[PDB]
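In the block that follows, a single chain appears as structure tokens, in the form deposited in one PDB entry.
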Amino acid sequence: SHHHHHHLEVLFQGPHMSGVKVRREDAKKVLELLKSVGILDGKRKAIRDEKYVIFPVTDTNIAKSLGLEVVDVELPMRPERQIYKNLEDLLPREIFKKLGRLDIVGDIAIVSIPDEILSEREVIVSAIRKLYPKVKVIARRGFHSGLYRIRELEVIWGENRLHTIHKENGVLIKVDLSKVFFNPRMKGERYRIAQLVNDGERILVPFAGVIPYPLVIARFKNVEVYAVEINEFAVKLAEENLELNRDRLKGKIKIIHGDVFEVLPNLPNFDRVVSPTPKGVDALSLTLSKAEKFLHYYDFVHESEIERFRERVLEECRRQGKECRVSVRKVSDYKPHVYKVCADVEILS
């Protein structure tokens, strides 16, 4: 006596060799459809030409019951190994070129996605998820808003949170991107100055945020750092960060919750001042006034204004009766024709 047909029908060992041929304009719809009905073959790649897309299917009868055109095609197997090293490898150039720079903060990936390629959201996420399998949050970014310069962010994939712990230069940085400002790309800078700093210095860091700069400096050198931040949530996270990194800091950090322009005139002077100035803000005079040996003044300057920028720094140096050497460095490419720069000011004796 024999087997039931509805038991036999699943015994075939061969691979699926067919697919469905659809117009490109239908391709997303159909993909969804195939996934929903449950006949989408994950083992094979989809291919396309200039007019049509072909999706691999696991049941051609059901495919025909969906009114789709069944074709016999040898489709590429899915890759098992992964050799992509950057996002451009995982996206068409027309999509990738409109994307902003991708940033990783802890287990959060942040990318800017213009409205015109927003329909392609799902491939973008996919690519990101493929490049960074460890991240658990993908958020679309806008601009910085308000006095605290908090980045506009919308979670578009993963856990519905914008808080995490970021590892940098040997320190741990608790961050909440919905409540505080933070830029990971300053890593280099923060390390650099940390290496320049000598033991015994008194250092001032205005606009300190969740104190990544004081944390790195104090991580590598036995110094005292004053940090000034006006955002109380950032202050809170800064305290938690100070407590989190306490047993790995050589230096000391004093956190001051307040307005830089109010606090600094009531502070004593320092050996070194490090000013991660908010974009558009001019704190040159005030930060220089608190520096006795070195100022590191960050700013955003247009390509054709660098010279003028340097000149103005020198002017301020003369204005405060200081004799200085001024060096201007391009820290990063901020947007076209616009650089994030740093004025290294050596105050001479």
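Numbering starts at 1 and runs along the sequence shown. Only the largest set of C-alpha atoms that superpose within 1.5 Å between the two forms is called the rigid core.
Chemist: Between 15-23 and 330-338, name whichever shows the higher mean Cα B factor according to the PDB entry.
Modeler: For C-alpha atoms only, the mean B-factor is higher in 330-338.
Chemist: When the Cα temperature factors in the entry are averaged, is it 35-43 or 281-289 that ends up higher?
Modeler: According to the entry, 35-43 carries the higher average C-alpha B-factor.
Chemist: Quick one: which of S145, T164, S126, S275 shows the highest Cα temperature factor in the PDB entry?
Modeler: Spelled out: the listed residue with the top C-alpha B-factor is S145.
Chemist: From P92, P206, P265, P214, pick the one with the largest CA B-factor in the entry?
Modeler: Answer, based on the entry's C-alpha B-factors: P92.
Chemist: Within this chain, which third does the Cα B-factor at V137 fall in: lowest, middle or highest?
Modeler: CA B-factor rank for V137: lowest third.
Chemist: By its CA B factor, does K29 count among the lowest, middle or highest third of the modelled residues in the chain?
Modeler: According to the entry, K29 has a C-alpha B-factor in the chain's middle third.
Chemist: Lowest, middle or highest third of the chain for the C-alpha temperature factor of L348?
Modeler: Its C-alpha B-factor belongs to the highest third of this chain's values.
Chemist: What third of the chain, by the recorded C-alpha B-factor, contains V171?
Modeler: Its C-alpha B-factor belongs to the middle third of this chain's values.
Chemist: Can you tell me whether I306 has a C-alpha B-factor in the lowest, middle or highest third compared with the other modelled residues of the same chain?
Modeler: Top third by C-alpha B-factor.
The form deposited in another entry is left out here; the points below concern that form.
Chemist: After superposing on the rigid core, which residue among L90, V175, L249, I255 shows a C-alpha displacement of 2 Å or more between this form and the one not shown?
Modeler: Comparing both forms, the shifted residue turns out to be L90.
Chemist: My question is whether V155 is one of the residues whose C-alpha shifts by 2 Å or more between this form and the one not shown, given a fit on the rigid core.
Modeler: No; that C-alpha moves by less than 2 Å between this form and the one not shown.
Chemist: Is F55 one of the residues whose Cα moves 2 Å or more between this form and the one not shown, with the core superposed?
Modeler: Moves: yes, 2 Å or greater.
Chemist: On a rigid core superposition, would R24 pass a 2 Å threshold for CA movement between this form and the one not shown?
Modeler: The answer is yes, as the C-alpha of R24 shifts between this form and the one not shown by 2 Å or more after core alignment.
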